[PDB]
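Read through the structure below, which is laid out as structure tokens, and then see the notes.
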Amino acid sequence: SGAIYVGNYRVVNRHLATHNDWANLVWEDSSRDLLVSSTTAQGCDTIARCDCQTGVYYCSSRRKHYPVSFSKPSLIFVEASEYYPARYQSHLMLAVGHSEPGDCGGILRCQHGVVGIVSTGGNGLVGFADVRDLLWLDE
Ligand SMILES: Cc1cc(C)c(CC(=O)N2CCC[C@H](C(N)=O)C2)c(=O)[nH]1
Ligand SMILES: [Zn+2]
């Protein structure tokens with residue numbers, strides 16, 4: 007689990023959105039596994055606006071932050087799960103790192119701010135849904 011809190015927005019994995027998120031919906035995109043809802047309180051996270059390919063992510067299954075190198079946002083095939091059929095997920099970045107089901111929502115960050123959130127995983131792989139192109143999160 008986990009979210010980005012920037013301005014009056016809450017960014018979560020679409021597959022983990024709650025009823026309150028859907029009832030306060032700003033934007034959602036199943037192809038990216040992202041959903042943004044509105045908040046009453048202002049958040050403290052800032053979004054990175056860069057082309058970094060190195061950063062650090064939070065892994066809840068190890069209670070640890072790990073440095074990673076990650077690929078550029080791309081269209082990647084993701085296997086069928088209990089949340090989506092087998093499909094191509096867009097704006098996804100892959101890295102070598104530990105992940106398990108339940109780690110979705112952990113933040114990936116660089117020196118410029120938040121880059122994205124954990125959205126997929128494999129044997130020694132972790133995938134992140136990029137948010138750097140969502141300029142509207144800044145206003
Ligand atoms: C090792 C490991 C295995 C699995 C299965 C996962 C979870 C996962 O990738 N998905 C399930 C939740 C919807 C995700 C999506 N964006 O389509 C796809 C994980 O994080 N780590
Ligand atoms: Zn950066």
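One gets the authors' numbering by counting positions in the sequence shown from 1 and adding 6 to each.
Ideal Cβ placement from N, Cα and C applies to all residues, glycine included.
Closer than 5 Å: residues whose CB approaches a heavy atom of ligand 2
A54, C56, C58, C116 and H118
Quick one: complete alpha helix (DSSP H) runs, 4+ long, within the segment 64 to 127?
none
Would you kindly check if the distance between the Cβ of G13 and the Cβ of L114 is under 8 Å?
no
Determine the extent of the alpha helix (DSSP H) in which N19 is found, giving its start and end residues.
Premise fails: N19 lies in the beta strand (DSSP E), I10 to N19, not in any alpha helix (DSSP H).
Could you check if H97 is buried or exposed, using at least 16 other CB atoms within 10 Å of its CB as the buried criterion?
The residue is buried, with at least 16 neighbouring Cβ atoms inside 10 Å.
Give a yes or no on contact between the segment 124 to 138 and the segment 54 to 74, applying the rule of three or more CB pairs nearer than 8 Å.
Contact check between the segment 124 to 138 and the segment 54 to 74: three or more CB pairs, one atom from each, fall below 8 Å, which counts as touching.
Is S43 helix, strand or coil by DSSP?
strand
Mind reading off the beta-carbon distance from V102 to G130? Whole number of angstroms is fine, and I expect it under 8 Å.
Under the criterion of beta carbons closer than 8 Å, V102 and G130 qualify as touching, at roughly 6 Å.
In the structure shown, what three-state DSSP assignment does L140 receive?
coil
Sequence-distant residues of its chain with Cβ nearer than 6 Å to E106 (five each side left out):
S67
Looking at the secondary structure, which residues open and close the alpha helix (DSSP H) in which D27 lies?
It spans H25 to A29 - the alpha helix (DSSP H) in which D27 sits, taken as one unbroken run.
So is the beta-carbon of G127 under 7 Å away from any non-hydrogen atom of ligand 1?
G127: yes, Cβ under 7 Å from ligand 1.
Pairing CB atoms from the segment 74 to 92 with CB atoms from the segment 45 to 52, are three or more of them under 8 Å?
no
Which listed residue (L41, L22 and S37) has its alpha carbon closest to that of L31:
Out of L41, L22 and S37, the CA that lies nearest to the CA of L31 is found in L41.
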